[PDB]
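Quick setup: one chain, the form deposited in one PDB entry, written in structure tokens, and binding and motion questions come after.
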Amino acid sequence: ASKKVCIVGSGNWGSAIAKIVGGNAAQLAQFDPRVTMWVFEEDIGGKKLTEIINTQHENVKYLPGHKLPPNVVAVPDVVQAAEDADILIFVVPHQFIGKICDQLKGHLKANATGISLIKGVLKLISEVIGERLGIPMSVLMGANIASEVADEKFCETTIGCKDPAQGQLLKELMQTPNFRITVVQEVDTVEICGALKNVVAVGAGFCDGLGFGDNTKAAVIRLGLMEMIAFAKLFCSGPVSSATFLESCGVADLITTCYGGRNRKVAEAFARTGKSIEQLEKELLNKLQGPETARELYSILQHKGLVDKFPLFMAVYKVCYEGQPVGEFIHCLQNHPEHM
């Protein structure tokens, strides 16, 4: 009757979402209050993390100092966590979602649905999930970060969901006064924004490192946004409207990433220090996604014969991989298709 929810994942992000989801699942009649959360079992000073969560209601390793609603139950076996769920929330690192799906495949409830909170990527992650698991997939993406959601700092997000009734249910499950949701129906468009924005952010960081000011940076961001839109239209199935890029997943996440984030910070240091991307991944990140995405874009654009339509994306690729001098990045924008 009432829908059952499983949170697949339990780090910083998954715990922060459990705080929100546990609360709405209890309050709203349409959800079962018993929310499972799959927690990779760990030994915390002689005690099982799942047992700590189910007694202290605190993920003492990944979200210390925060209480989770007591109706959120930690479950160490991912199949047992998920097998009776009507709604699955995927909130694990990109690195692990493939292995997790390979364990879940075939064990899910009929008519189960999913939403992916995994930002990044070409094959969209939500497609990998939905194909392996056979469930309809939504996405949740916007200008937000786990620690701020845990701290109830005001921010927004976009939910991409094709089915209107399922979108409304996901909004009801996730929305609070400090986590505001807009539902749109263009799943692919919402999700591709999270990957492409990091390419633009590398360019924005180049711009900072070359000594340019905010008006030049605003042009880099905006042209980047124009290339995101054009690329989404040629790559995405489903309708792709420029209007979706006004949502949090688009312009807002692009702004915050281009003004603060590791893609921008590594890019500024590359343009100022001379160090390679790889060296900078070592020094500051113990793989940077922006340059790798640019590489994949180069490959797609060659196939389509459209390299010259995307000079910002391609300058990020050339500078990161083919030795183009970073100092040429702005020159690459001086004959942009948007001004033809």
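Don't overthink the numbering: it's just position in the shown sequence, from 1.
According to the record, no deposited residue between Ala143 and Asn144 is left without atomic coordinates. The PDB entry reports B-factors from which the mean C-alpha value can be compared for 199 to 207 and 229 to 237; the larger average falls on 229 to 237. Here 55 to 63 and 297 to 305 are compared by their mean Cα B-factor, and 297 to 305 comes out higher. Within the listed group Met314, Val35, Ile44, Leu68, the record reports its top CA B-factor for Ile44. Of the residues listed, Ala269, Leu170, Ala81, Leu223, the entry assigns the biggest Cα temperature factor to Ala269.
In the deposited entry, the Cα temperature factor of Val91 sits in the middle third of values across the chain's modelled residues. Ranked by C-alpha B-factor against the other modelled residues of its chain, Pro177 falls in the lowest third. The entry lists a Cα temperature factor for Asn111 that places it in the highest third of the chain's modelled residues.
In the deposited entry, the Cα temperature factor of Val326 sits in the middle third of values across the chain's modelled residues. Residue-level temperature factors show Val8 in the lowest third of its chain, judged at the C-alpha atom.
Although it is not shown, the form deposited in another entry is what the next lines describe.
Annotation note: for the two-part rigid motion between this form and the one not shown, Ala243 and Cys101 are assigned to opposite parts based on which superposition fits each C-alpha better.
Between this form and the other one, the CA-CA gap for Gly238 and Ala110 widens by 3 Å or more, being larger in that other deposited form.
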